[PDB]
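Reading through the structure tokens given below for one structure.
Ideal geometry is used to build each Cβ from the backbone, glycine not excepted, and the neighbour counts take in all protein chains shown. Where a number appears in this text, it was derived from the coordinates with a stated rule and is not lab data.
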Amino acid sequence: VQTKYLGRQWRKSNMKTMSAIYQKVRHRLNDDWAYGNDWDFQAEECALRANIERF
Amino acid sequence: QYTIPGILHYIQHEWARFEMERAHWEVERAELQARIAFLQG
Amino acid sequence: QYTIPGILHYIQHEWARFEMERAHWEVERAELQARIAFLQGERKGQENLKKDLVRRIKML
Amino acid sequence: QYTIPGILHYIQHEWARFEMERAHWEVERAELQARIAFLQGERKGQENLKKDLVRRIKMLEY
Amino acid sequence: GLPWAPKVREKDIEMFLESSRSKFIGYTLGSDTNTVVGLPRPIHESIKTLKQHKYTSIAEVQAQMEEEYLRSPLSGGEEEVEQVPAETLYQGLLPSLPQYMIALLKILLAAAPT
Amino acid sequence: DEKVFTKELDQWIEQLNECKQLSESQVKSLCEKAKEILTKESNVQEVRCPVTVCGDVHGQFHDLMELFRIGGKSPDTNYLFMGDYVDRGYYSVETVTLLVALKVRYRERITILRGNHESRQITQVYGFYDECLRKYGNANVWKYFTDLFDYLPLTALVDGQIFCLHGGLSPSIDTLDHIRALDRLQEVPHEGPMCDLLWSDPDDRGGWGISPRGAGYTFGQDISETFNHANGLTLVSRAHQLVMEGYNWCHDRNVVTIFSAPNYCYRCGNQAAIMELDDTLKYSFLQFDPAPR
Ligand SMILES: O=P(O)(O)O[C@H]1[C@@H](OP(=O)(O)O)[C@@H](OP(=O)(O)O)[C@@H](OP(=O)(O)O)[C@@H](OP(=O)(O)O)[C@H]1OP(=O)(O)O
Ligand SMILES: [Mn+2]
């Protein structure tokens with residue numbers, strides 16, 4: 001889930017872990033973990049919080 | 001400006017848009033009738 | 001900017017263009033057929049002419 | 001029995017067939033223009049050789 | 001081995017479809033996943049393959065029902081909720097949940113190996 | 001309107017069989033028809049029982065003629081070409097023109113797959129651009145053929161249990177559903193699942209690896225084994241890298257590599273090979289050598 005934001009170099013360095021991720025974890029179609037390119041924390045929170053409290 | 005796939009896609013989307021608008025309005029009408037009869041009672 | 005009035009004007013103008021264009025195509029097509037017919041006839045006439053000319057050359 | 005899927009399939013297919021027929025006619029017109037140019041060249045050559053022949057004949061007349 | 005049947009959440013379908021719309025139709029539509037007419041056939045194939053592998057979990061439908069209730073409150077939207085033991089436990093915890101969580105985490109951190 | 005252009009196509013193919021290219025207008029109408037035909041083909045195509053798989057060709061048109069002489073003529077024998085048609089060879093234009101002309105004429109008897117050398121960049125670098133210019137004095141051809149390459153199906157699936165594809169397989173891909181769920185109507189991106197299908201290759205180091213080629217990866221044995229089992233394939237066939245024997249069995253009969261361009265690397269001087277899948281899906285290989293010049 002965090003291998004996209006880890007930078008190509010990291011992917012290029014760790015492959016055994018990428019192989020493991022390939023085998024074990026479920027695969028999503030059109031997912032871009034293996035070739036990923038690349039956030040308002042407090043804002044997304046305070047929005048989810050509003051949703052929750054409304055419920 | 002235009003293009004045939006553009007035209008076809010737009011027609012389809014406008015039809016679906018009208019259908020969603022109909023559903024939304026039906027729900028809104030249900031709600032308004034509910035408030036109406038509530039105030040009536 | 002897409003919209004139904006624009007799309008309808010588009011289809012109308014475009015169908016009109018297709019029809020008038022096929023019409024111009026047909027008139028030009030018949031024109032070219034008749035033109036090559038006339039020019040082939042002229043070539044055949046010039047062929048018979050050259051035949052008559054070599055005949056007269058042998059005759060004179 | 002008009003159904004928007006049917007109408008859209010029809011629009012797509014008819015634009016496609018007009019494009020195909022357009023290409024057909026344009027190819028035919030290209031070929032016909034080539035033939036016109038060929039017959040023009042042939043007529044020019046025939047007229048030129050005929051002019052030269054009749055010029056030699058007129059020289060004989062002199 | 002590869003034991004997991006692949007899944008695809010709705011968001012991916014919509015994102016892919018809007019990418020394709022921008023790329024082939026010159027204009028994105030927006031959060032619609034049924035309009036596929038102008039795209040080439042090799043795109044309809046992908047759309048079908050996706051939407052046949054879709055996985056809609058209970059969370060999505062529950063959030064949908066929630067926003068629904070919030071839209072139309074009194075047009076029959078008032079619902080009854082089962083009192084399954086999880087629900088009663090949540091009714092109990094709800095008043096002072098955050099203190100409970102903070103306390104549990106404090107004990108945890110005090111009990112970490114170092 | 002139907003048999004007329006069929007006769008036209010037959011005349012085109014006959015003309016092509018004598019190293020005699022076509023006019024750029026003919027190539028234009030041909031590429032239009034081929035686009036129309038290819039647009040009705042999934043990213044993973046299905047082919048019926050008997051076929052003849054051939055791999056890397058690379059514009060060696062006279063060797064393609066030799067191939068046809070070995071494995072049978074065009075409509076009689078069903079063929080399957082796994083990419084890399086046009087570069088590192090002089091008769092690139094003729095090769096790709098012939099293959100496309102066949103695919104248009106006998107759309108059921110032959111199937112052509114995309115390859116590493118079908119992207120505008122690689123052609124522009126390695127030569128197909130230069131031959132397009134030399135033989136035509138334009139780029140209109142090289143434009144048409146590339147806008148056609150952007151439609152070739154990425155993979156083929158013979159009798160639902162043989163997986164044929166140029167290059168190899170990728171980590172972003174787990175099942176044929178995934179491939180079938182891509183968007184192949186674009187130029188080959190620099191990184192993605194496409195830039196690995198058409199660029200990866202097996203190797204010894206198990207699991208994924210770094211491809212010395214620079215794109216795609218080097219899937220070890222275990223990767224291929226689990227892929228086959230998870231997809232029911234009995235064998236994955238590919239053709240991307242020179243094999244002096246003509247065809248190599250990598251990863252314990254799980255992966256086959258079938259180079260089909262003889263004397264490609266002259267320091268090695270390989271012999272080409274093709275594979276025949278008979279009526280009972282039993283493969284039998286034919287190795288041949290360059291034509292007599
Ligand atoms: O394997 P996944 O397809 O990704 O299933 C995950 C999730 O797994 P993770 O929490 O490890 O990411 C849970 O499944 P479990 O691991 O707990 O077995 C969870 O299921 P629960 O919430 O009931 O525990 C949930 O499934 P759901 O969305 O239906 O709640 C979710 O599925 P998603 O991948 O769609 O998020
Ligand atoms: Mn190659």
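Any residue in region E:51-65 that's under 16 Å from E:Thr33 (Cβ atoms) and part of a helix (DSSP H, G or I): show its pairings with residues that are of a type outside the set (S, T, N, Q) and more than 8 Å from ligand 1 (Cβ to nearest atom) at Cβ separation under 8 Å, as long as the two are six or more apart or on different chains.
Taking only residues 6 or more apart or on different chains, the pairs are E:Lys51/E:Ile13; E:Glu60/E:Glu10.
Residue by residue, here is whether (1) out of contact with any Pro (no Cβ under 7 Å at 6 or more places or on another chain); (2) within 14 Å of chain A (Cβ to nearest Cβ); (3) among the small types (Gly, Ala, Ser) holds:
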| position | (1), (2), (3) |
| --- | --- |
| F:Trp142 | yes, no, no |
| F:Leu148 | yes, no, no |
| F:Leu165 | yes, no, no |
| F:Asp177 | no, yes, no |
| F:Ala181 | yes, yes, yes |
| F:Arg184 | no, yes, no |
| F:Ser200 | yes, yes, yes |
| F:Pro212 | yes, yes, no |
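Mind checking whether some residue in region F:73-91 is within 22 Å of F:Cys19 (Cβ to Cβ), in a helix (DSSP H, G or I) and out of contact with any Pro (no Cβ under 7 Å at 6 or more places or on another chain)?
no
Exactly one condition in (1) surrounded by 15 or more Cβ atoms within 10 Å (Cβ to Cβ); (2) more than 16 Å from ligand 1 (Cβ to nearest atom); (3) in a loop (DSSP other than H, G, I, E, B) is not met by E:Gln83; state its number.
All conditions pass for E:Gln83, except number (1).
Can you list the helices (runs of 4 or more DSSP H) lying wholly within chain A that have 2 or more residues being farther than 19 Å from F:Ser211 by Cβ and either away from ligand 2 (no atom under 16 Å from the Cβ) or more than 13 Å from every other protein chain (Cβ to nearest Cβ) (or both)?
Numbers: elements: A:7-13, A:16-24, A:41-54.
Of the helices (runs of 4 or more DSSP H) lying wholly inside chain A, those with at least 2 residues that are farther than 19 Å from F:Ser211 by Cβ and either away from ligand 2 (no atom under 16 Å from the Cβ) or more than 13 Å from every other protein chain (Cβ to nearest Cβ) (or both) span A:16-24, A:41-54.
Kindly provide the set of residues from region D:1-39 that are of a type in the set (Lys, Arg) and surrounded by 14 or more Cβ atoms within 10 Å (Cβ to Cβ), ordered by number. If you could, list the steps in order and put the result at the bottom.
First, pick out the residues of region D:1-39 that are of a type in the set (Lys, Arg): D:17, D:22, D:29, D:35.
Once the filter is applied, which keeps residues that are of a type in the set (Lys, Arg) and surrounded by 14 or more Cβ atoms within 10 Å (Cβ to Cβ), region D:1-39 yields D:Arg22, D:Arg29, D:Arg35.
One residue is enough: does region F:167-174 have a residue meeting the conditions within 14 Å of chain A (Cβ to nearest Cβ) and within 16 Å of ligand 1 (Cβ to nearest atom)?
yes
Name the single residue, out of those in region F:226-245 being within 14 Å of ligand 2 (Cβ to nearest atom) and crowded, with 20+ Cβ neighbours inside 10 Å, that is farthest from the other protein chains (Cβ to nearest Cβ).
First, the residues of region F:226-245 that are within 14 Å of ligand 2 (Cβ to nearest atom): F:238-243.
Imposing the further condition that a residue be crowded, with 20+ Cβ neighbours inside 10 Å reduces the set to F:238-240, F:243.
Numbers: F:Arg238: 19, F:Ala239: 23, F:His240: 20, F:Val243: 25 Å.
The qualifying residue farthest from the other protein chains (Cβ to nearest Cβ) is F:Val243.
Would you please name the residue that is nearest to the other protein chains (Cβ to nearest Cβ), looking only at residues in region E:1-15 that are among the charged types (D, E, K, R) and in a helix (DSSP H, G or I)? Before you say what the answer is, go through the steps one by one.
Looking only at region E:1-15, we keep the residues that are among the charged types (D, E, K, R), and these are E:7, E:9-12, E:14.
Going one step further and asking which of them are in a helix (DSSP H, G or I), we end up with E:10-12, E:14.
On the way: E:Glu10: 12, E:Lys11: 10, E:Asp12: 5, E:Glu14: 11 Å.
Ranking the qualifying residues of region E:1-15, first place goes to E:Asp12.
Those residues that are among the hydrophobic types (A, V, I, L, M, F, W, C), loosely packed, with under 13 Cβ neighbours inside 10 Å and under 16 Å from the mean Cα position of the chain (by Cα), I need them from region A:26-48; list them, please. Walk me through how you get there before you give the answer.
Going residue by residue through region A:26-48, those that are among the hydrophobic types (A, V, I, L, M, F, W, C) are A:29, A:33-34, A:39, A:41, A:43, A:46-48.
If we keep only those that are loosely packed, with under 13 Cβ neighbours inside 10 Å as well, we get A:39, A:41, A:43, A:46-48.
Scanning region A:26-48 gives A:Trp39, A:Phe41.
I'd like to verify a number: residues in region C:3-20 that are among the hydroxyl-bearing types (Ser, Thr, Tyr), under 17 Å from B:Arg17 (Cβ atoms) and either in a helix (DSSP H, G or I) or touching a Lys or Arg at 6+ places or on another chain (Cβ under 9 Å) (or both), how many? Even if it seems obvious, please write down each step before you answer.
Of region C:3-20, the ones among the hydroxyl-bearing types (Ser, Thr, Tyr) are C:3, C:10.
Imposing the further condition that a residue be under 17 Å from B:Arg17 (Cβ atoms) reduces the set to C:3.
Imposing the further condition that a residue be either in a helix (DSSP H, G or I) or touching a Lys or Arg at 6+ places or on another chain (Cβ under 9 Å) (or both) reduces the set to none.
Selection size over region C:3-20: 0.
Give me the residue from region E:16-38 that is part of a helix (DSSP H, G or I) and surrounded by 14 or more Cβ atoms within 10 Å (Cβ to Cβ) and, out of that set, nearest to ligand 1 (Cβ to nearest atom). Don't jump to the end; show me each part of the working.
Step one: filter region E:16-38 for residues part of a helix (DSSP H, G or I), giving E:16-24.
So of that shortlist, the ones also surrounded by 14 or more Cβ atoms within 10 Å (Cβ to Cβ) come out as E:16-18, E:20-21, E:23-24.
On the way: E:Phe16: 17, E:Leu17: 19, E:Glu18: 21, E:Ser20: 23, E:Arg21: 25, E:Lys23: 27, E:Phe24: 29 Å.
Ranking the candidates gives E:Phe16 first.
Looking at region F:154-173, which of its residues are touching a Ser or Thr at 6+ places or on another chain (Cβ under 8 Å) and among the aliphatic types (A, V, I, L, M)?
F:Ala156, F:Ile162, F:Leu165, F:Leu169
Quick one: count up the residues across region E:66-97 that are over 30 Å from E:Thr33 (Cα atoms) and either within 10 Å of another protein chain (Cβ to nearest Cβ) or within 16 Å of ligand 2 (Cβ to nearest atom) (or both).
Number of matching residues: 1.
Checking E:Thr56 against (1) away from ligand 1 (no atom under 16 Å from the Cβ); (2) within 19 Å of the chain's Cα centre (by Cα); (3) of a type in the set (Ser, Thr, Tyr), which test does it fail?
Going through (1) away from ligand 1 (no atom under 16 Å from the Cβ); (2) within 19 Å of the chain's Cα centre (by Cα); (3) of a type in the set (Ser, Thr, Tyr) one by one, E:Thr56 breaks only (1).
Conditions tested, residue by residue: (1) within 16 Å of ligand 2 (Cβ to nearest atom); (2) over 16 Å from the mean Cα position of the chain (by Cα); (3) within 28 Å of F:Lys7 (Cα to Cα).
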residue: F:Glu94; (1), (2), (3): no, no, yes
residue: F:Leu99; (1), (2), (3): yes, no, yes
residue: F:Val104; (1), (2), (3): no, no, yes
residue: F:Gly127; (1), (2), (3): yes, yes, no
residue: F:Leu133; (1), (2), (3): no, yes, no
residue: F:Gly137; (1), (2), (3): no, yes, no
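From E:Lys7, E:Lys48, grab the single residue that is surrounded by fewer than 15 Cβ atoms within 10 Å (Cβ to Cβ) and among the charged types (D, E, K, R). Full working, then the answer.
Working: E:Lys7 fails: surrounded by fewer than 15 Cβ atoms within 10 Å (Cβ to Cβ).
The conditions single out E:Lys48.
Considering only region D:16-62, state which residues are within 8 Å of chain C (Cβ to nearest Cβ) and of a type in the set (A, V, I, L, M).
Listed by number, the residues that qualify are D:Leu32, D:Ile36, D:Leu39, D:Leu49, D:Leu53.
Anything in region F:47-71 that is assigned to a loop (DSSP other than H, G, I, E, B) and over 16 Å from F:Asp289 (Cα atoms)? List them, or say none.
At the first step, the residues of region F:47-71 found to be assigned to a loop (DSSP other than H, G, I, E, B) are F:48-50, F:55-60.
Listed by number, the residues that qualify are F:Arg48, F:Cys49, F:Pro50.
Within the set of pairs 6+ apart or on separate chains, which have a first residue in region E:5-25 that is hydroxyl-bearing (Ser, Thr, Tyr), a second that is more than 16 Å from ligand 2 (Cβ to nearest atom) and not in a helix (DSSP H, G or I), and C-beta atoms under 7 Å apart?
E:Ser20/E:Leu39; E:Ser20/F:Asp183; E:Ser22/E:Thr28
Residues E:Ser20, E:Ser57: which one is hydroxyl-bearing (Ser, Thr, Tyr) and either within 12 Å of chain B (Cβ to nearest Cβ) or within 16 Å of ligand 2 (Cβ to nearest atom) (or both)?
On inspection, the qualifying residue turns out to be E:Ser20.
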